[PDB]
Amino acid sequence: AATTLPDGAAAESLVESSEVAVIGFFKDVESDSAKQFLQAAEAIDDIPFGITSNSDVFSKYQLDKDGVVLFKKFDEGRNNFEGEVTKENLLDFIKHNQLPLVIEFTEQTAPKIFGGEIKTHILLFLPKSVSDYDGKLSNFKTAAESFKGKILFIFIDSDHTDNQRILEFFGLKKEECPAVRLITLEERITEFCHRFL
């Protein structure tokens, strides 16, 4: 499920092996919380998992108690798990922190956007051929900074043929871009409508 890490070099190697990586720091690998972590490791194959009981490895990442850390090669670089160690809490934590601050809508990216726990999403339809593209995108990223865990910032490449149906869905023509659409995501459907309202 998770690769055992006996030393600092193995921890580092594992962190470098992927865009996103996760280490469980559990003194007792046979403990209930540790099992819960190992169960979380098996439930996801997109990300590699590590596990240490080595207190030098604990200290290398400034852990002085059991814990789990998500490592990422972008943005804030890492997130520390908070609260009770259960499989469901861990999968929630991994999903809420797996994504880049500004996320490019792609095929691999789409299911993880839905996987987030953020209701409000801001879409920027940004043509990759636009003037000052990287400046306009950084502006979106800068604005994304002061909304961490409140609004999910998504950018869509308007020039790409596969995004045209999404442009249509939000009533957009390619020449109306860059454009911004802010959205909130959510006969037993009558009950579904009330809870959403």
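All residue numbers are counted from 1 along the displayed sequence.
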What lies unmodelled of the deposited sequence between residue 186 and residue 187 amounts to 10 or more
With B-factors read from the PDB entry, the higher C-alpha mean of 14 to 22 and 171 to 179 is in 171 to 179
Quick note on 79 to 87 and 114 to 122: per-entry mean CA temperature factor is higher in 114 to 122
Highest CA B factor of 52, 36, 129, 62, as deposited, is found at 129
Reading the B-factor column for Cα atoms of 56, 28, 134, 32, the highest value belongs to 134
Assert third(CA B-factor, residue 143) within chain per record equals middle
Temperature factor at the Cα of residue 42, chain-ranked in thirds, falls in the highest
Quick tally, chain-level thirds of C-alpha B-factors: residue 66 sits in the lowest
Entry-reported C-alpha B-factor of residue 4 relative to its chain, by third, is lowest
